[PDB]
Amino acid sequence: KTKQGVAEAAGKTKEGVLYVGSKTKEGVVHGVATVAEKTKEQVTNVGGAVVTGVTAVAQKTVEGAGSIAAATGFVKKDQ
Amino acid sequence: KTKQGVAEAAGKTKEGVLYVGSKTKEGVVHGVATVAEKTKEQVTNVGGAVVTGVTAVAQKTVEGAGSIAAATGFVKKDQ
Amino acid sequence: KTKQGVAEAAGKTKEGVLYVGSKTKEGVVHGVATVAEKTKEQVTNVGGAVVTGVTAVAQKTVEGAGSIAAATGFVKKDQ
Amino acid sequence: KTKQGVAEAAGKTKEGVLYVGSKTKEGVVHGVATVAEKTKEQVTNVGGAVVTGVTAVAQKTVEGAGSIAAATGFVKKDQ
Amino acid sequence: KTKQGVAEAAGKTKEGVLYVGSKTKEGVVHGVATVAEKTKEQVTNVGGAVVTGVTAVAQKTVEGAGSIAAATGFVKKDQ
Amino acid sequence: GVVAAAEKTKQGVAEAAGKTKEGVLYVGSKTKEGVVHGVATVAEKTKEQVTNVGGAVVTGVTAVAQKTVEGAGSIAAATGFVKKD
Amino acid sequence: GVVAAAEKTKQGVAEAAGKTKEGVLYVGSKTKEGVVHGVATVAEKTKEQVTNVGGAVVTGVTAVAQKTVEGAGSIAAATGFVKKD
Amino acid sequence: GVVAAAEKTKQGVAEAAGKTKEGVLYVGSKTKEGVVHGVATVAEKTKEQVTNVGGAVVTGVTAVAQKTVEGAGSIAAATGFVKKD
Amino acid sequence: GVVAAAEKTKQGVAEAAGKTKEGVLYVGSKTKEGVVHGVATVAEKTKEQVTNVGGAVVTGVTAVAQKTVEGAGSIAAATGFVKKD
Amino acid sequence: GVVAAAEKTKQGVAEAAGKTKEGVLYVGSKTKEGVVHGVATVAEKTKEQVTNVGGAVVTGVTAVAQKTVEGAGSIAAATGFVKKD
Ligand SMILES: Cc1cccc(C)c1NC(=O)Cn1nc(Cc2ccccc2)c2ccccc2c1=O
Ligand SMILES: Cc1cccc(C)c1NC(=O)Cn1nc(Cc2ccccc2)c2ccccc2c1=O
Ligand SMILES: Cc1cccc(C)c1NC(=O)Cn1nc(Cc2ccccc2)c2ccccc2c1=O
Ligand SMILES: Cc1cccc(C)c1NC(=O)Cn1nc(Cc2ccccc2)c2ccccc2c1=O
Ligand SMILES: Cc1cccc(C)c1NC(=O)Cn1nc(Cc2ccccc2)c2ccccc2c1=O
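Chains as they are written, first to last, in the deposited numbering: chain B, 21 to 99; chain F, 21 to 99; chain J, 21 to 99; chain D, 21 to 99; chain H, 21 to 99; chain I, 14 to 98; chain E, 14 to 98; chain A, 14 to 98; chain C, 14 to 98; chain G, 14 to 98.
Here you go:
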């Protein structure tokens with residue numbers, strides 16, 4: 021037997037009100053807020069990569085080796 | 021046996037009100053907010069990549085190796 | 021036996037009100053909001069890629085290796 | 021037997037109100053806020069990588085070796 | 021038997037109100053706030069990497085050797 | 014006098030505003046005004062006797078949520094001789 | 014007098030504003046005004062006797078949440094002779 | 014007099030503002046005004062007797078949350094002869 | 014007189030502001046105004062007798078949270094002859 | 014007179030401000046104004062007798078949290094003849 025990332029809840033009663041709940045979060049992006057007010061941005065690009073926005077990436081994988089969740093704003097010239 | 025990312029809930033009663041609930045979240049992007057007010061953006065691009073918007077990516081995979089969830093704003097010139 | 025990303029809920033009673041619920045979320049994008057007010061955008065592009073909008077991608081796959089969920093705003097010139 | 025990252029809760033009563041709950045968070049990005057007001061940004065790029073935005077990456081993997089969660093703003097010229 | 025990162029809670033009563041809860045956090049980034057007001061940034065880049073934004077990365081892995089959670093703003097020219 | 018000009022350009026934007034007043038805006042926000050959440054009551058053997066003569070009585074398990082803009086919110090009001098001239 | 018100019022450019026933006034007043038804005042925020050959360054009561058054998066004559070009485074398990082803008086929020090008010098001229 | 018100019022450039026921005034007044038803004042924030050959270054009461058054998066004549070009485074398990082802007086928030090008010098001229 | 018200029022550049026920004034007044038802003042902050050949290054009461058055998066004549070009485074387990082801007086917050090007020098001219 | 018200039022540059026920023034007044038800002042901060050936290054009371058056999066005539070009485074387990082801006086916060090006020098001219 022093997023348990024990994026398991027949320028367990030048990031409750032027992034005879035008379036009254038009983039509440040049982042279980043929650044699980046794996047690879048979750050929650051609550052991203054961005055505000056830009058009266059912002060000046062001047063970009064001159066020649067063959068490059070420029071990133072100025074908002075990026076939110078959430079990845080969950082099982083039995084995955086070598087995976088990349090995010091790769092933002094890069095120049096790759098492998099030979 | 022093997023349990024991975026399992027949410028379990030059990031409840032028992034005789035008289036009254038009983039509530040049982042279970043929730044699971046895997047690779048979930050939740051709550052992304054962006055505001056731009058009176059923002060000036062001037063972009064000149066010659067053969068490059070420029071990203072200024074909002075990107076939200078959520079990926080869930082099983083038995084997947086080498087997967088890329090997001091690749092935003094890049095220049096690739098592999099030989 | 022093998023359990024992965026399983027939400028389980030069980031309830032038992034004799035008299036009264038009983039509520040049982042189970043929810044599962046895998047590769048889900050939820051709640052993306054964007055506002056642009058009085059925003060000036062000037063873009064000059066010559067052979068490149070420019071992205072300024074809103075992108076929301078959700079991907080769920082099983083037994084998929086090398087999959088890419090999102091690839092936004094890139095220049096590819098592989099040889 | 022083996023337990024890893026397991027949240028367990030148990031409750032028992034006879035009469036009254038009983039509440040049982042369990043929560044689990046693995047690889048979760050929560051609560052990212054950014055504000056830019058009256059900000060001036062001038063960028064000149066020639067074959068490089070410039071990143072000025074907001075990046076939020078959350079990755080959860082099982083049996084994954086060599087995985088990279090985030091790789092932002094880099095130049096790679098491997099031979 | 022082996023327990024690692026396990027949150028356990030148990031409660032027992034006869035009459036009254038009983039509350040049982042368990043929480044677990046592994047590889048979680050919480051509460052990142054950044055404010056830039058009237059900030060001037062001038063960047064000239066020629067073949068390099070410049071990073072000025074906000075980066076929040078959270079990674080949780082099991083049986084993963086050699087994994088890199090974040091690699092921001094670097095130049096790699098391995099031979 | 015407010016003047017905005019743009020001459021001899023390739024892409025030009027010229028905006029002029031005399032007076033401007035911004036407003037209220039919500040983006041991905043949650044609000045709760047006058048909200049009752051999660052009330053649980055258990056009673057086994059309760060004896061209640063009420064003798065009310067010309068008054069307001071509130072008895073039992075009561076869960077009241079009120080949201081008022083230009084009025085009054087009351088639960089029990091035993092008044093008299095209310096006049097507006 | 015407010016003047017903004019931009020001449021002999023490739024990309025030019027010229028904005029002029031006389032008077033500006035910003036507003037209220039919420040981005041990914043949560044608010045709670047007058048919220049009752051998580052009330053649990055257990056009673057076994059309670060005896061209650063109420064004799065009310067011309068008054069306001071609040072009895073029992075009471076959970077009240079009120080949110081008022083331009084009015085008064087009251088639970089029990091036994092008044093008299095309320096006039097507005 | 015407020016003047017902003019930009020001449021002989023490739024990318025040029027010129028903004029001029031006479032008077033500016035910023036506003037209130039919330040980004041990823043939580044607020045709690047008048048919030049009652051986590052009230053638990055256990056009673057076994059309680060005897061209550063109330064004899065009210067022309068007054069306001071609050072009895073029992075009471076959980077009140079109030080949020081008022083331009084008014085008064087009261088729980089028990091036994092007044093009289095309220096007039097506005 | 015406020016003047017801002019930028020001439021003979023490749024990337025140029027020129028902003029001029031006469032008068033500026035910043036505002037209030039919250040970023041990733043939490044606020045608690047008038048909050049009651051975590052109240053637990055246990056009573057076994059309590060005897061209560063109340064005889065109220067023309068007054069305000071608050072009895073029992075009471076949890077009150079109030080947040081007022083331009084008004085008064087009271088729990089028990091037994092007044093009389095309230096007038097505004 | 015406030016003048017800012019930038020001439021013969023590659024990247025140039027010129028900002029001029031006559032009068033500036035900063036505001037209040039919170040970044041990752043927590044505030045608690047009028048907060049009651051963690052009140053536990055245990056009573057076994059308590060006898061209470063109250064005889065109130067034209068007054069304000071507060072009795073029992075009381076947990077009150079108040080936050081007021083432009084008003085008064087009172088718990089028990091037995092006054093009379095309140096007038097404003
Ligand atoms: C709630 C309650 C119960 C029992 C005793 C009382 C005093 C109250 N309070 C109020 O009625 C508050 N009020 N008063 C007035 C003015 C008015 C009232 C009665 C007769 C003539 C004029 C009013 C007018 C227009 C729209 C709303 C309202 C309002 O809401
Ligand atoms: C809540 C309550 C219960 C019992 C006893 C009292 C005194 C109160 N308090 C109030 O009624 C407060 N109030 N007063 C007025 C003015 C007014 C009241 C009555 C008659 C004529 C004029 C009012 C007018 C318009 C909209 C709201 C309101 C308001 O809310
Ligand atoms: C809550 C309560 C219970 C019992 C006894 C009292 C004194 C109070 N307090 C108040 O009514 C406070 N108040 N007063 C006034 C003015 C006014 C009141 C009554 C009659 C005529 C005018 C008012 C007007 C408009 C909107 C709100 C309000 C308000 O809220
Ligand atoms: C809470 C309470 C209970 C019992 C006894 C008292 C004195 C109080 N206190 C107050 O009513 C405070 N107050 N007063 C006034 C002015 C006013 C009051 C009554 C009649 C005519 C005018 C008022 C006007 C407009 C909006 C709010 C308010 C307010 O809040
Ligand atoms: C809380 C309380 C209980 C019982 C006895 C008293 C004296 C108090 N204190 C106050 O009412 C304080 N107060 N006074 C006034 C002025 C005023 C009051 C009554 C009648 C006419 C005018 C007021 C006006 C507008 C908004 C708020 C308020 C306020 O809050």
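In this text, a Cβ means the ideal position worked out from N, Cα and C, and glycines have one as well.
Residue i to residue j span [Cα, whole Å]
i: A91 of chain H; j: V49 of chain B; result: 19 Å
i: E61 of chain I; j: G84 of chain A; result: 35 Å
i: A89 of chain B; j: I88 of chain F; result: 6 Å
i: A69 of chain D; j: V40 of chain G; result: 30 Å
i: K32 of chain D; j: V71 of chain F; result: 55 Å
i: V77 of chain C; j: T44 of chain H; result: 33 Å
i: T22 of chain I; j: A19 of chain A; result: 12 Å
i: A53 of chain I; j: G36 of chain B; result: 9 Å
i: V63 of chain D; j: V82 of chain B; result: 40 Å
i: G67 of chain B; j: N65 of chain D; result: 8 Å
i: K80 of chain B; j: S42 of chain J; result: 20 Å
i: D98 of chain D; j: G73 of chain D; result: 26 Å
i: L38 of chain I; j: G51 of chain I; result: 30 Å
i: residue 111 of chain D; j: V15 of chain C; result: There is no way to answer for residue 111 of chain D, as the model of chain D reaches only from 21 to 99.
i: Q24 of chain J; j: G86 of chain H; result: 25 Å
i: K34 of chain G; j: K34 of chain C; result: 5 Å
beta-carbon residue i near ligand 3 non-hydrogen atom, thresh 8 Å
i: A85 of chain C; result: yes
i: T81 of chain G; result: no
Residue i: contacting residues in chain J (beta-carbon distance under 7 Å)
i: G41 of chain I; result: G51, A53
Where residue i meets chain F, residues with beta-carbon distance less than 8 Å
i: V26 of chain E; result: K60, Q62
Any non-hydrogen atom of ligand 5 within 8 Å of residue i CB
i: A78 of chain G; result: no
Residue i CB to nearest heavy atom of ligand 1 below 8 Å
i: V95 of chain I; result: yes
8 Å contact criterion, which residue i and residue j should meet: CB distance rounded
i: residue 150 of chain E; j: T75 of chain I; result: Residue 150 of chain E is absent from the structure shown; chain E starts at 14 and stops at 98.
i: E46 of chain I; j: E46 of chain E; result: 5 Å
i: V26 of chain F; j: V95 of chain J; result: No, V26 of chain F and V95 of chain J are not in contact; Cβ-Cβ is about 43 Å, not under 8 Å.
i: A30 of chain I; j: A30 of chain E; result: 5 Å
Residue i beta carbon near ligand 2 (any heavy atom closer than 8 Å)
i: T92 of chain E; result: yes
Proximal residues of chain A, C-beta to C-beta of residue i below 7 Å
i: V37 of chain H; result: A53, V55
Exercise for the section: Pick out the complete beta strand (DSSP E) segments inside the region 19 to 58 of chain I, 3 residues or longer, and give them in chain order. Expected result: Within the region 19 to 58 of chain I, the beta strand (DSSP E) runs of at least 3 residues that lie entirely inside it are, in chain order, 24 to 34, 38 to 40.
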